[PDB]
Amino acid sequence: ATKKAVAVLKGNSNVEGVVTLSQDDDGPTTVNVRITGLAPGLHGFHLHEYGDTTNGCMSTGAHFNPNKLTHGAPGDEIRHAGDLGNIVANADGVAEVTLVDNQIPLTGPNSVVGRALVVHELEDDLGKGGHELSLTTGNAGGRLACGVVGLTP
C-alpha cells in the first residue's frame, strides 16, 4: 500500500524548502528533501513532536520520541524516532538528498502525519559531542525553517 505526505518548510530567515515522504505498509519511509538558502555545510534535520507553528518553529516541541530514548544518529540503536541526522548544503546553499528511515511511519500509532520537519542552524553532533545538549538536541542550534507534515495524492 502507498501513502504520501509533504511538508513545506518556512521560517524566520531566508531558508525555504519542500520535503516529500512516502511509504508502503510496514515499510521504510522515503524522504526527499530540497531546501535552499542554507549556509554551506552540515545542518541538523529532524522530525519534531508537534505540527504546532503558532509561536514560530519553537512550538513544534522536541524531537519526536515515542520510545523515550536519548538523541542519536540515524544508524544508532539509541535514538529519537525523529533523528534523521544531517543534511548537506552545497556551495550554493542548497541541500538535496534522499533519506530512508524506519521510525517515521505515515500510519499507525507512531504516524508522523501532522507533526513537523525542522531544519536547524548548526551541525547535528549525533549524540557523540559530550555537551549538555548532545543527548537532547544534538546541539544543532536554532530553528531555520519548519513545516507541518500533510497528506498528498
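All residue numbers are counted from 1 along the displayed sequence. We call the rigid core whatever largest set of C-alpha positions still superposes within 1.5 Å between the two forms.
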Segment of greater CA departure in 5 other deposited structures of this protein, 58 to 66 or 27 to 35, core superposed: 58 to 66
After a rigid core fit, does 81 to 89 or 37 to 45 show more C-alpha displacement in 5 other deposited structures of this protein? 81 to 89
If we scan the other compared entries, does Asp101 go without coordinates in at least a third? no
Any chance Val19 is unbuilt in a third or more of the other entries we compared? no
Give the stretch, out of 38 to 46 and 23 to 31, with the larger mean C-alpha temperature factor in the deposited entry. 23 to 31
Mean C-alpha B-factor comparison - 64 to 72 and 113 to 121, higher one: 64 to 72
Between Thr54, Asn90, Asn86, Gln103, let me know which has the highest C-alpha B-factor in the entry? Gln103
Lowest, middle or highest third - CA B-factor, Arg143: lowest
Chain-wide C-alpha B factor ranking for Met58, given as lowest, middle or highest third: highest
